[PDB]
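Visitor: just dropping in an experimental structure and the matching sequence.
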Number of protein chains: 4
Amino acid sequence: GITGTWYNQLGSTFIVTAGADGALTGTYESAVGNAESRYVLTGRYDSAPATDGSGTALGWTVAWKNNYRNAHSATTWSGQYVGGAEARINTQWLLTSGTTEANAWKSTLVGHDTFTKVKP
Amino acid sequence: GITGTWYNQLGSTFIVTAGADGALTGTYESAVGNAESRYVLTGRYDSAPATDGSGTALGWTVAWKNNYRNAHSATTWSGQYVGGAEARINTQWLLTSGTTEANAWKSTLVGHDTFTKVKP
Amino acid sequence: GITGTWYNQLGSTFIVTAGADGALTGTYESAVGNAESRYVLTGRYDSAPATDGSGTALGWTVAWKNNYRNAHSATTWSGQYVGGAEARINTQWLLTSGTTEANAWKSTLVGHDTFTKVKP
Amino acid sequence: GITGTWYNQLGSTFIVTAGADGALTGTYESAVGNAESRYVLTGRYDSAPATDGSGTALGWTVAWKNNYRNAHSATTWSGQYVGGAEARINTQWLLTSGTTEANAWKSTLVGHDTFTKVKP
Ligand SMILES: CNS(=O)(=O)c1cccc(-c2cc3c(=O)[nH]ccc3o2)c1
Ligand SMILES: CNS(=O)(=O)c1cccc(-c2cc3c(=O)[nH]ccc3o2)c1
Ligand SMILES: CNS(=O)(=O)c1cccc(-c2cc3c(=O)[nH]ccc3o2)c1
Ligand SMILES: CNS(=O)(=O)c1cccc(-c2cc3c(=O)[nH]ccc3o2)c1
């Protein structure tokens, strides 16, 4: 299942609990960027996925403020959990920084992260 | 200035509380506002934004399952709140559907929503 | 319909020709209108769109090198032309910069541009 | 290093010439290897990249019409070429379909493709 400790291809650590009500909660620790130690995450998942072989849709958000640092930014991951002997969560993400209006056209980075239960 | 009701460009509504802890919690629904159109949302925002004129970074997730309906998908919105008399939340979003691996390349839609406090 | 001079919401100027073969060719520049701000574009469009009221799919690329400046980056716009009283091109775009592998996670910006044949 | 035949992670074949003028020209075969599956591509690349370990920025478009078929859609790939013994083109893509205005919110898929010089 989704609940567990996951790592992406960059070595970031995603510690998540999937609640019976569809909630995702936990912490995220980035291996990259303006980031130190753990950040709160919250999100949602489909708690009754299709039974036709499809993955389980989910998403979560981290605002990159904690007691140590504040990057004035937030990332959302949108993806699906795919069961198997090598369980994986495949995502794409949007990282939006707070900007002035003049800089808003460059406010948002996009990428893709794949998570498994092992580090790189 | 984030707490309250916001409206997008297409007759959808959300309703959010921005907690002191950086949490976003509320509901996402239709203009119609019927039970079957309402879904839980959760996310995060920067509770200590820059004071240089920059927007406030935020994001949230809705999984498209409620007690009535299940689309087996989730949307994440990543964006920034821009304050004023003409307050706005400018977002980009990712909507991932659960798929089989053969169909994964087509799992994710992208788009953009702008929210205002004024019911349109 | 596609052939012409288009302007995005930020005042960039897109001078395009839609060839009978599906080709898009032209230049992309900034409002100030200097030679040093002007770059080659190439792309493709659906030369035989549906007849059911749908828009016409298209895309183009600008690499941000000209005889004066090189940003070691490229933008692609993907979207559709919507004909009628006031014709419009609605796009989303990806801007990739050359990075080292360690920085590749932050190589790509995403946004959305709308074009009309009038200035904003 | 860009000119040649490339293969993505899903069996498509990207046949490209990188011109001295920054042009990308070629064919994309969504298949192995029939005429009905071949489409024109055009795009642009940084013809004077850095030699500091950074990738070479680039992008291209396919409109999914040929003499046999027409999906009324176009993909743009935005990314970077990374040279060396294990050369890659790492991309993110946007696939826009022509839609009605009512369906425009769901016009654009996003994903990622990695291309190699050896068949996967
Ligand atoms: C906003 N400034 S920053 O330097 O770019 C920044 C700050 C904090 C964290 C991230 C970060 C981690 C992280 C990850 O693990 N996968 C994808 C995206 C990504 O972004 C990026
Ligand atoms: C009444 N709910 S619904 O029709 O079943 C449904 C199902 C899946 C998705 C969306 C939906 C809305 C919505 C939006 O307002 N911005 C971005 C994405 C997005 O997706 C709505
Ligand atoms: C790293 N290259 S760059 O400095 O970011 C650069 C240089 C010149 C022009 C643009 C540019 C214009 C432009 C636009 O009109 N719509 C979307 C994206 C976009 O990018 C970007
Ligand atoms: C709406 N058009 S379509 O039916 O979905 C269609 C038809 C033929 C080929 C593709 C296609 C291949 C392909 C690829 O290799 N990477 C990225 C996107 C992408 O799209 C898409």
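Guide: Nice, I can see it. Numbering: from 1, shown residues only, chains lettered A, B, ... in the order given. Ligands and ions are numbered 1, 2, ... in the order given.
Visitor: the residue most central in space within chain A sits in which helix or strand?
Guide: Centroid check for chain A by C-alpha atoms, centre = their mean gives residue A:77 as the closest residue, at 4.5 Å. Assigned by DSSP states H and E, residue A:77 belongs to strand A:70-82.
Visitor: follow-up on the earlier one: so the nearest residue to the residue nearest to the centre of chain A once chain neighbours are set aside: helix, strand or coil?
Guide: Spatially, and ignoring its direct neighbours in sequence, residue A:77 is nearest to residue A:91 (4.1 Å; C-beta to C-beta, 6 or more residues apart in numbering or on different chains). Any C-beta I mention is one placed from the backbone N, CA and C, and that applies to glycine too. Using DSSP: H, G, I helix; E, B strand; the rest coil, the secondary structure recorded for residue A:91 is strand.
Visitor: contact partners for residue A:91?
Guide: Residue A:91 makes contact with A:77, A:78, A:79, A:112, A:113, A:114, A:115, B:96 under the criterion C-beta atoms under 8 Å, 6 or more residues apart in numbering or on different chains.
Visitor: including distance to ligand 3, could these go into JSON lines?
Guide: Formatted as JSON lines, those follow (distance: C-beta to the nearest ligand atom, whole Å):
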{"residue": "A:77", "distance to ligand 3": "24"}
{"residue": "A:78", "distance to ligand 3": "22"}
{"residue": "A:79", "distance to ligand 3": "26"}
{"residue": "A:112", "distance to ligand 3": "20"}
{"residue": "A:113", "distance to ligand 3": "23"}
{"residue": "A:114", "distance to ligand 3": "27"}
{"residue": "A:115", "distance to ligand 3": "29"}
{"residue": "B:96", "distance to ligand 3": "24"}
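Visitor: show me what from chain A comes close to ligand 4.
Guide: Contact residues, chain A versus ligand 4 (C-beta under 6 Å from any ligand atom): none.
Visitor: where do the strands sit along chain A?
Guide: Along chain A, counting by DSSP state E, strands occupy A:4-8, A:13-18, A:23-29, A:38-45, A:56-65, A:70-82, A:88-97, A:108-116.
Visitor: go through those strands and pick out the most buried.
Guide: Most buried of those by mean neighbour count (mean count of other C-beta atoms under 10 Å in any protein chain shown) is strand A:56-65; its value is a mean of 28.
Visitor: ok, that strand near chain C or not?
Guide: No: if you take C-beta under 8 Å from any C-beta of the partner chain as the test, strand A:56-65 misses chain C, and the best it gets is 13.1 Å.
Visitor: which secondary structure elements does that strand sit against?
Guide: Strand A:56-65 makes packing contacts with strand A:23-29, strand A:38-45, strand A:70-82, strand B:39-45, strand B:56-65, strand B:70-82, strand B:88-97 when contacts are defined by 3 or more C-beta pairs under 8 Å, 6 or more residues apart in numbering or on different chains; DSSP states H and E.
Visitor: can you show me the CA trace of that strand as CSV?
Guide: Extracted C-alpha coordinates of strand A:56-65, given in CSV (Å, rounded to 0.1, in the frame of the first residue of the first chain):
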residue,chain,number,x,y,z
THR,A,56,-4.4,4.6,-7.4
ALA,A,57,-4.6,8.3,-8.0
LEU,A,58,-3.2,10.7,-5.5
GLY,A,59,-1.7,14.1,-4.9
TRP,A,60,0.1,16.0,-2.1
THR,A,61,1.5,19.5,-1.4
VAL,A,62,4.6,20.7,0.5
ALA,A,63,5.0,24.4,1.3
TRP,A,64,8.8,24.8,1.7
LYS,A,65,8.5,26.5,5.1
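Visitor: partners of it in the sheet?
Guide: Using DSSP bridges, strand A:56-65 pairs in its sheet with strand A:38-45 (antiparallel), strand A:70-82 (antiparallel).
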